[PDB]
Each structure stands twice: as structure tokens, then as C-alpha cells.
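Written below as C-alpha cells is the structure these notes are about.
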Amino acid sequence: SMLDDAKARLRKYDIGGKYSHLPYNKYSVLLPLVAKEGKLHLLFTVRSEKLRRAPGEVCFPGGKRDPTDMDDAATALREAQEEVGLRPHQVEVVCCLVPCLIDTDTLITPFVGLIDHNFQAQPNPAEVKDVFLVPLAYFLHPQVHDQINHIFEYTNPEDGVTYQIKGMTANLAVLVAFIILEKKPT
Ligand SMILES: O=C(Cc1ccc(F)cc1F)Nc1cccnc1
Ligand SMILES: O=C(Cc1ccc(F)cc1F)Nc1cccnc1
């Protein structure tokens, strides 16, 4: 099946807890996969304009590890719940992808999660201005704009709204699309 095939592909790239004890400032993100209309999608947030870091930017749910978290996956799930109302029973964490090093002292660990089909996002407006889906296949043929760094522009056909996706968030989206969609019979 589509979902069994996606999880099987993802597991091959799982680094697990290999880098998780290193003494960094630690953040986790959840890359949330949603199956709709017979295709996989990624769920993104638009950060509230109120926030200190990166107001109004597109990013995956996530945040800084805190002492309550049993592990890095728990960080991702806790933050996703706070930001978009995703409950732990509504997500199956499939793997941990390559972590992202930033600022010399920070490690961001991405987890891919399969999201229940009955989840409906409840954006927490103190943190999130918007939540939207992009089909995973978009990231194989994105609409690229150079600002010199590459920015993806995605227009939602349901409403005509255009979102800009860039940086780590864009990079991770492409990685997940490659992992799941490469080398597939039609
Ligand atoms: O903050 C994140 C994830 C993240 C992205 C880059 C980063 F460097 C660290 C991180 F935790 N996600 C979020 C937070 C608040 C509202 N909507 C999304
Ligand atoms: O789908 C959306 C936003 C949206 C809803 C209708 C629409 F017409 C356009 C849109 F961008 N959000 C979401 C939330 C939870 C799970 N899966 C998708």
C-alpha cells in the first residue's frame, strides 16, 4: 500500500538516536505526512507575526527540547500538539532523518510522522498564523524564485493563496519527497 511503501522507504534513512545525546542546544521538528485524495502531502505552519524568531515564515511544527521530553521525538510531538492540536495518538513517528546543524551550538532533529486521517488542525494563534498542506510531489517540480538563494512558491489551488517556502524547511521537504517518491512505477 501507499502508506506501507512510504514507511518502508523512510525506515531505510532512519538514523535513530545516534546523534541525540551530543551536548547541543536541541530542537526537534515534525515532518507531518497527510494522505488526502490518494496522494501524500506535507503539513506546514505559518509562524505567527507576533513571534520573535522568523515571524510569518513557513516552517514545520516543532521547538526546543525541554526537561519533560523522554527523547527528541517527544519534543517534536509536544510542540506539534501545542502549535496545531495534534495529539500523540494521531501520529505515528516513523523515523528520524539527518539532523541539521546551525549556529555552531544547535542541533535540529527532524522526525517524519504519519498523521491520522481524522486529524483536523486547530492552529494556536499565539504561535501559528496558518496551517496548510502541500502535495509531496510538488517538491520534485517546485516553482523556484531566486531572492542569491532559492525560494519555493506554492499556490494552493483551493483558494489561490501563495506561500513561500525556504531554507531548512524547503530542504527537508525535498529530502522527504525524494525518499518517498523516487523510483516508483506508475
Ligand atoms: O519552530 C518551529 C520548528 C523549528 C524550525 C527551525 C528551528 F531552527 C527550530 C525549530 F524548532 N516550528 C514552529 C514553531 C512555532 C510555530 N510554528 C512552527
Ligand atoms: O487543509 C488545510 C487548509 C485548507 C483547508 C481548506 C482549503 F480549501 C484550503 C486549505 F488550505 N489544513 C489542514 C489541517 C489539518 C489537516 N489537513 C489539512
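Labels for the C-alpha cells follow display order: chains A, B, ..., residues from 1 in each chain, ligands from 1.
Where the distance criterion is 7 Å and the atoms used are only C-alpha atoms and all ligand atoms, the residues close to ligand 2 are residues 34, 43, 119, 120, 121, 131, 132, 133, 156, 158 and 159 of chain A.
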Could you write out that same residue set with N, CA, C and O atoms as a PDB file, in the first residue's frame?
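Once written, out.pdb looks like this:
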ATOM      1  N   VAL A  34       0.453  13.605   5.490  1.00  0.00           N
ATOM      2  CA  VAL A  34      -1.010  13.504   5.450  1.00  0.00           C
ATOM      3  C   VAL A  34      -1.370  12.884   4.110  1.00  0.00           C
ATOM      4  O   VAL A  34      -0.892  13.353   3.070  1.00  0.00           O
ATOM      5  N   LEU A  43       2.372  18.747   5.888  1.00  0.00           N
ATOM      6  CA  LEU A  43       1.706  19.810   6.628  1.00  0.00           C
ATOM      7  C   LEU A  43       2.741  20.827   7.103  1.00  0.00           C
ATOM      8  O   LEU A  43       3.743  20.442   7.698  1.00  0.00           O
ATOM      9  N   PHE A 119      -7.413  13.671  11.900  1.00  0.00           N
ATOM     10  CA  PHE A 119      -6.868  14.903  12.454  1.00  0.00           C
ATOM     11  C   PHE A 119      -7.333  16.132  11.692  1.00  0.00           C
ATOM     12  O   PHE A 119      -7.253  16.200  10.484  1.00  0.00           O
ATOM     13  N   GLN A 120      -7.766  17.146  12.430  1.00  0.00           N
ATOM     14  CA  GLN A 120      -8.052  18.445  11.842  1.00  0.00           C
ATOM     15  C   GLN A 120      -7.349  19.496  12.687  1.00  0.00           C
ATOM     16  O   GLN A 120      -7.524  19.550  13.892  1.00  0.00           O
ATOM     17  N   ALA A 121      -6.573  20.332  12.025  1.00  0.00           N
ATOM     18  CA  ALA A 121      -5.646  21.209  12.721  1.00  0.00           C
ATOM     19  C   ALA A 121      -6.467  22.258  13.407  1.00  0.00           C
ATOM     20  O   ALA A 121      -7.468  22.744  12.849  1.00  0.00           O
ATOM     21  N   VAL A 131      -2.046  27.018   8.840  1.00  0.00           N
ATOM     22  CA  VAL A 131      -1.600  25.629   8.640  1.00  0.00           C
ATOM     23  C   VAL A 131      -2.065  25.265   7.244  1.00  0.00           C
ATOM     24  O   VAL A 131      -3.193  25.547   6.856  1.00  0.00           O
ATOM     25  N   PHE A 132      -1.216  24.641   6.447  1.00  0.00           N
ATOM     26  CA  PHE A 132      -1.609  24.289   5.109  1.00  0.00           C
ATOM     27  C   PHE A 132      -0.867  23.035   4.648  1.00  0.00           C
ATOM     28  O   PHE A 132       0.165  22.665   5.256  1.00  0.00           O
ATOM     29  N   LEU A 133      -1.418  22.389   3.636  1.00  0.00           N
ATOM     30  CA  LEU A 133      -0.823  21.205   3.053  1.00  0.00           C
ATOM     31  C   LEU A 133      -0.194  21.522   1.724  1.00  0.00           C
ATOM     32  O   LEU A 133      -0.682  22.361   0.970  1.00  0.00           O
ATOM     33  N   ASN A 156      -1.925  27.342  -3.406  1.00  0.00           N
ATOM     34  CA  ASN A 156      -2.955  26.377  -3.091  1.00  0.00           C
ATOM     35  C   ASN A 156      -4.108  26.527  -4.092  1.00  0.00           C
ATOM     36  O   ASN A 156      -4.724  27.591  -4.132  1.00  0.00           O
ATOM     37  N   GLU A 158      -7.030  25.391  -4.064  1.00  0.00           N
ATOM     38  CA  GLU A 158      -8.336  25.509  -3.455  1.00  0.00           C
ATOM     39  C   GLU A 158      -8.746  26.958  -3.232  1.00  0.00           C
ATOM     40  O   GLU A 158      -9.949  27.238  -3.329  1.00  0.00           O
ATOM     41  N   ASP A 159      -7.776  27.835  -2.942  1.00  0.00           N
ATOM     42  CA  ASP A 159      -8.017  29.252  -2.655  1.00  0.00           C
ATOM     43  C   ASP A 159      -7.111  30.304  -3.320  1.00  0.00           C
ATOM     44  O   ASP A 159      -7.347  31.521  -3.180  1.00  0.00           O
TER      45      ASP A 159
END
Closest contacts (region 102-146 of chain A/region 2-20 of chain A, max 9 Å, only C-alpha atoms) as CSV:
residue,atom,partner,partner_atom,distance
A:107,CA,A:20,CA,8.9
A:109,CA,A:20,CA,8.1
A:112,CA,A:10,CA,8.0
A:114,CA,A:7,CA,8.4
How would the residues just chosen look if you wrote them out with N, CA, C and O atoms as a short mmCIF file (atom, residue, chain, number, x, y, z; two decimals), in the first residue's frame?
data_model
loop_
_atom_site.label_atom_id
_atom_site.label_comp_id
_atom_site.auth_asym_id
_atom_site.auth_seq_id
_atom_site.Cartn_x
_atom_site.Cartn_y
_atom_site.Cartn_z
N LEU A 107 21.46 21.84 17.33
CA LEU A 107 21.18 20.68 16.51
C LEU A 107 19.67 20.51 16.43
O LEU A 107 19.02 20.41 17.46
N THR A 109 16.68 18.13 15.13
CA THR A 109 16.43 16.76 14.75
C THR A 109 15.03 16.65 14.11
O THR A 109 14.05 16.96 14.78
N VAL A 112 9.89 12.17 10.87
CA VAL A 112 8.77 12.06 9.96
C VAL A 112 7.66 11.32 10.69
O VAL A 112 7.89 10.24 11.23
N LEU A 114 3.49 9.95 10.35
CA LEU A 114 2.28 9.70 9.58
C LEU A 114 1.09 10.16 10.42
O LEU A 114 0.98 9.75 11.59
#
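From CA of residue 30 (chain A) back to CA of residue 57 (chain A), the distance works out to 16.1 Å.
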Exercise for review: Step by step, measure atom-to-atom distances between ligand 1 and each residue using only C-alpha atoms and all ligand atoms, keep those at most 9 Å, then write them as a ChimeraX atom specification.
Suggested key: /A:26-30,44-48,51,53-55,57-65,76,79-80,82-84,100,102,106-109,124,126-131,168-169
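Note that the spacing between CA of residue 37 (chain A) and CA of residue 136 (chain A) amounts to 12.3 Å.
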**Study point:** Per-residue DSSP, region 13-181 of chain A, filtered to strand (DSSP E or B), as a ChimeraX atom specification
**Key:** /A:25-36,39-47,58-59,62-64,91-96,100-102,106-115,128-135,144-146,150-155,162-165
Review point. Quick one: DSSP helix (DSSP H, G or I) residues in region 19-154 of chain A, as a PyMOL selection string?
Key: chain A and resi 72-84+88-90+136-140
Those residues with N, CA and C atoms, as a JSON list (two decimals), in the first residue's frame please?
[["chain", "number", "residue", "atom", "x", "y", "z"],
["A", 72, "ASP", "N", 14.02, 12.99, 21.72],
["A", 72, "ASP", "CA", 13.87, 14.06, 20.77],
["A", 72, "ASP", "C", 12.54, 13.97, 20.03],
["A", 73, "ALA", "N", 12.06, 12.76, 19.84],
["A", 73, "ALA", "CA", 10.75, 12.54, 19.18],
["A", 73, "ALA", "C", 9.65, 13.17, 20.04],
["A", 74, "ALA", "N", 9.76, 12.99, 21.35],
["A", 74, "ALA", "CA", 8.78, 13.61, 22.25],
["A", 74, "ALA", "C", 8.73, 15.11, 22.15],
["A", 75, "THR", "N", 9.89, 15.78, 21.96],
["A", 75, "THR", "CA", 9.92, 17.19, 21.73],
["A", 75, "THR", "C", 9.05, 17.60, 20.53],
["A", 76, "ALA", "N", 9.25, 16.89, 19.42],
["A", 76, "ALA", "CA", 8.51, 17.17, 18.21],
["A", 76, "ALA", "C", 6.99, 17.03, 18.45],
["A", 77, "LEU", "N", 6.60, 15.97, 19.12],
["A", 77, "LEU", "CA", 5.18, 15.69, 19.37],
["A", 77, "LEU", "C", 4.55, 16.68, 20.34],
["A", 78, "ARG", "N", 5.28, 17.02, 21.39],
["A", 78, "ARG", "CA", 4.80, 18.04, 22.36],
["A", 78, "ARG", "C", 4.56, 19.38, 21.72],
["A", 79, "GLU", "N", 5.54, 19.83, 20.92],
["A", 79, "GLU", "CA", 5.44, 21.09, 20.24],
["A", 79, "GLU", "C", 4.33, 21.09, 19.16],
["A", 80, "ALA", "N", 4.19, 19.99, 18.42],
["A", 80, "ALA", "CA", 3.13, 19.88, 17.43],
["A", 80, "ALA", "C", 1.74, 19.98, 18.09],
["A", 81, "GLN", "N", 1.60, 19.36, 19.24],
["A", 81, "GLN", "CA", 0.33, 19.42, 19.99],
["A", 81, "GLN", "C", 0.04, 20.87, 20.38],
["A", 82, "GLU", "N", 1.04, 21.54, 20.94],
["A", 82, "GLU", "CA", 0.89, 22.95, 21.34],
["A", 82, "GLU", "C", 0.55, 23.86, 20.18],
["A", 83, "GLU", "N", 1.17, 23.65, 19.02],
["A", 83, "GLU", "CA", 1.04, 24.53, 17.89],
["A", 83, "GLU", "C", -0.20, 24.29, 17.05],
["A", 84, "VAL", "N", -0.53, 23.02, 16.80],
["A", 84, "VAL", "CA", -1.64, 22.70, 15.87],
["A", 84, "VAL", "C", -2.68, 21.70, 16.40],
["A", 88, "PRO", "N", -0.88, 12.79, 20.50],
["A", 88, "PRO", "CA", 0.04, 11.68, 20.18],
["A", 88, "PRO", "C", -0.57, 10.46, 19.56],
["A", 89, "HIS", "N", -1.82, 10.12, 19.89],
["A", 89, "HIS", "CA", -2.49, 9.00, 19.24],
["A", 89, "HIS", "C", -2.75, 9.25, 17.74],
["A", 90, "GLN", "N", -2.61, 10.49, 17.30],
["A", 90, "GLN", "CA", -2.88, 10.87, 15.91],
["A", 90, "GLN", "C", -1.65, 10.89, 15.03],
["A", 136, "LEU", "N", 3.35, 16.26, -1.65],
["A", 136, "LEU", "CA", 4.74, 15.89, -1.59],
["A", 136, "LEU", "C", 5.37, 15.97, -2.99],
["A", 137, "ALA", "N", 4.62, 15.60, -4.03],
["A", 137, "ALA", "CA", 5.17, 15.61, -5.37],
["A", 137, "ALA", "C", 5.54, 17.00, -5.89],
["A", 138, "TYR", "N", 4.95, 18.05, -5.31],
["A", 138, "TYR", "CA", 5.31, 19.41, -5.66],
["A", 138, "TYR", "C", 6.81, 19.63, -5.55],
["A", 139, "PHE", "N", 7.40, 19.02, -4.53],
["A", 139, "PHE", "CA", 8.83, 19.27, -4.24],
["A", 139, "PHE", "C", 9.80, 18.65, -5.23],
["A", 140, "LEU", "N", 9.28, 17.81, -6.13],
["A", 140, "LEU", "CA", 10.04, 17.31, -7.28],
["A", 140, "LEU", "C", 10.08, 18.30, -8.44]]
Point to revise | Neighbour list for residue 91 (chain A) as number ranges by chain, cut-off 8 Å, only C-alpha atoms, skip fewer than 6 positions in-chain | key: A: 113-116
Could you write out the selected residues, including C-alpha atoms, as an mmCIF file, in the first residue's frame?
data_model
loop_
_atom_site.group_PDB
_atom_site.id
_atom_site.type_symbol
_atom_site.label_atom_id
_atom_site.label_comp_id
_atom_site.auth_asym_id
_atom_site.auth_seq_id
_atom_site.Cartn_x
_atom_site.Cartn_y
_atom_site.Cartn_z
ATOM 1 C CA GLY A 113 5.288 11.274 11.267
ATOM 2 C CA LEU A 114 2.283 9.702 9.581
ATOM 3 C CA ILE A 115 -0.823 11.717 10.544
ATOM 4 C CA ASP A 116 -4.235 10.200 11.199
#
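Separating CA of residue 180 (chain A) from CA of residue 144 (chain A) is a distance of 21.3 Å.
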